[PDB]
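One structure below.
Quick reminder, even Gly has a Cβ in these numbers, built from the backbone with ideal geometry, and neighbours come from all protein chains shown. Since every read-out is calculated from the coordinates, none of them should be taken as a lab result.
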Amino acid sequence: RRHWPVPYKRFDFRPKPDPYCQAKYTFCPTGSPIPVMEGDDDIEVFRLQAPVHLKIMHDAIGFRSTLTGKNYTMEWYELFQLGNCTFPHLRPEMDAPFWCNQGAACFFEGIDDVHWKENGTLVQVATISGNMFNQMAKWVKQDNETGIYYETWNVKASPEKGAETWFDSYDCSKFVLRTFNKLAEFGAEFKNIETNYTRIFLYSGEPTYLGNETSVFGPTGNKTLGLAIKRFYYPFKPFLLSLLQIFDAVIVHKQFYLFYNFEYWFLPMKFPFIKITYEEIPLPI
Ligand SMILES: *[C@@H]1O[C@H](CO)[C@@H](O[C@@H]2O[C@H](CO)[C@@H](O[C@@H]3O[C@H](CO)[C@@H](O)[C@H](O)[C@@H]3O)[C@H](O)[C@H]2NC(C)=O)[C@H](O)[C@H]1NC(C)=O
Ligand SMILES: *[C@@H]1O[C@H](CO)[C@@H](O[C@@H]2O[C@H](CO)[C@@H](O)[C@H](O)[C@H]2NC(C)=O)[C@H](O)[C@H]1NC(C)=O
Ligand SMILES: *[C@@H]1O[C@H](CO)[C@@H](O)[C@H](O)[C@H]1NC(C)=O
Ligand SMILES: *[C@@H]1O[C@H](CO)[C@@H](O)[C@H](O)[C@H]1NC(C)=O
């Protein structure tokens with residue numbers, strides 16, 4: 001009882017992070033506000049990729065202007081890093097597991113060439129007007145305030161072509177693709193370069209909707225299933241014992257519990273279970 005992929009749910013505003021969520025490394029340490037370009041400016045648009053399952057890459061977009069002279073980096077990643085966006089914390093004063101899963105956009109001056117050219121990619125893909133850029137900027141702000149949480153897993157029926165997709169992730173690469181589609185809306189024209197992205201895939205049958213955080217944990221909810229989800233999540237955080245628990249839940253018993261849109265789903269795992277691909281997603285036309 002649904003359409004093929006569950007759509008990503010947006011919000012009217014971005015809440016402040018709970019004080020329980022603290023980062024070891026600060027999010028967007030050099031982030032400057034997005035400047036306003038001159039309309040007739042020429043802004044080179046660069047593809048940026050670097051390593052974070054041998055090929056797990058981080059994506060970002062570069063901008064260089066001819067009038068400003070300076071260049072800039074733009075990315076979208078986790079406020080408290082990947083693990084906190086993928087698995088929750090269990091606190092004893094709460095029936096429900098707590099997440100620090102917020103991701104957001106980061107924009108700052110300068111492009112660190114060595115960071116991307118060493119073990120990654122740095123290639124110009126477009127040239128847009130300042131006007132376009134400014135318009136793009138506006139969209140980013142809206143996006144930054146409506147798409148507030150980071151999601152790791154792409155959930156698909158099988159590695160085959162044409163296989164049904166249950167869930168799309170919402171990470172850095174998806175942000176880059178959103179920006180490029182938006183630029184395409186303005187009429188921007190991309191070079192024809194092979195652009196491959198990292199995608200972390202879970203393979204399962206049709207998911208089942210288990211419920212929101214109050215429909216599962218708390219007084220008006222199932223107890224056995226809540227303790228089941230808790231027992232599923234506990235090994236993913238503080239070793240060998242946890243590895244065996246994870247292998248038994250995911251491989252032997254073919255079970256996954258997916259947090260998506262702040263709701264809980266069940267994934268009947270299958271096939272190669274967890275694959276990390278580096279596949280082509282073409283630039284928009
Ligand atoms: C998208 O939304 C996020 C979250 O609301 C914004 O993140 C915030 O970005 C600013 C600067 O970009 C951060 O402030 C910085 O703090 C460091 C030290 O903490 C300082 O060295 C910098 O000079 C700057 O003051 C801020 O911490 C960060 N996080 C939060 C929770 O506010 C982001 O700026 C937004 N991006 C866009 C393009 O709208
Ligand atoms: C993931 O989130 C946890 C929970 O907020 C962070 O762990 C806290 O980190 C602060 C600062 O280092 C410590 O003072 C707290 O004691 C930690 N709490 C717990 C429960 O571990 C953690 O830093 C986050 N992960 C990353 C990579 O930033
Ligand atoms: C960005 O500008 C710096 C100089 O400030 C330069 O070292 C770097 O190569 C530039 N990168 C790109 C992609 O233009
Ligand atoms: C990019 O992905 C395609 C799949 O569409 C694959 O055939 C190709 O080998 C990949 N290229 C690289 C450099 O990994």
Please verify whether segment 123-136 includes one or more residues that are within 16 Å of ligand 4 (Cβ to nearest atom), crowded, with 18+ Cβ neighbours inside 10 Å, at negative phi and part of a helix (DSSP H, G or I).
no
Checklist (1) away from ligand 4 (no atom under 16 Å from the Cβ); (2) surrounded by 16 or more Cβ atoms within 10 Å (Cβ to Cβ); (3) not acidic (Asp, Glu) applied to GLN49, failing item:
(1)
Quickly run through segment 120-146 and pick out the residues that are under 18 Å from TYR197 (Cβ atoms), of a type in the set (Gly, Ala, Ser) and under 22 Å from the mean Cα position of the chain (by Cα).
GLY120
Counting just the residues of segment 57-70 that are out of contact with any helix residue (DSSP H, G or I) (no Cβ under 6 Å at 6 or more places or on another chain) and within 16 Å of ligand 1 (Cβ to nearest atom), which one comes out nearest to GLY120 (Cα to Cα)?
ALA60
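Looking for something over 16 Å from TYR150 (Cβ atoms) and in contact with a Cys (Cβ under 7 Å, 6 or more places away or on another chain) - is there at least one such residue anywhere in segment 35-54?
no
Name the residue, out of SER204, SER242, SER215, that is in contact with a strand residue (DSSP E or B) (Cβ under 7 Å, 6 or more places away or on another chain), more than 16 Å from ligand 3 (Cβ to nearest atom) and polar (S, T, N, Q). Steps first, answer last, please.
Numbers: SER242 fails: in contact with a strand residue (DSSP E or B) (Cβ under 7 Å, 6 or more places away or on another chain); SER215 fails: in contact with a strand residue (DSSP E or B) (Cβ under 7 Å, 6 or more places away or on another chain).
One residue alone meets the criteria, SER204.
Would you pick out the residues in segment 7-26 that are more than 16 Å from ligand 1 (Cβ to nearest atom) and either among the hydroxyl-bearing types (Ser, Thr, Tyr) or in contact with a strand residue (DSSP E or B) (Cβ under 6 Å, 6 or more places away or on another chain) (or both)?
Passing the criteria: only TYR8.
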In this structure, is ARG2 exposed (fewer than 14 other Cβ atoms within 10 Å of the Cβ), closer than 27 Å to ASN261 by Cβ and more than 16 Å from ligand 3 (Cβ to nearest atom)?
yes
Only residues in segment 24-35 that are within 19 Å of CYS85 (Cβ to Cβ) count as the first member; pair them with residues that are in a loop (DSSP other than H, G, I, E, B) and away from ligand 3 (no atom under 16 Å from the Cβ), Cβ under 8 angstrom, at least 6 apart or cross-chain, and list the lot.
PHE27/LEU79; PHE27/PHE80
Residue that is farthest from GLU151 (Cα to Cα), among those in segment 5-32 that are surrounded by fewer than 14 Cβ atoms within 10 Å (Cβ to Cβ) and small (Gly, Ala, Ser)
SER32
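Would you confirm whether any residue within segment 100-108 is within 16 Å of ligand 1 (Cβ to nearest atom), part of a loop (DSSP other than H, G, I, E, B) and in contact with a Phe, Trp or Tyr (Cβ under 8 Å, 6 or more places away or on another chain)? Before you say what the answer is, go through the steps one by one.
Within segment 100-108, the subset within 16 Å of ligand 1 (Cβ to nearest atom) is 100-108.
Applying the additional criterion that residues be part of a loop (DSSP other than H, G, I, E, B) yields 100-101.
Within this subset, residues satisfying the condition of being in contact with a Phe, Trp or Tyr (Cβ under 8 Å, 6 or more places away or on another chain) are 100-101.
Yes, there is a match, as at least one residue in segment 100-108 is within 16 Å of ligand 1 (Cβ to nearest atom), part of a loop (DSSP other than H, G, I, E, B) and in contact with a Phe, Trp or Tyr (Cβ under 8 Å, 6 or more places away or on another chain).
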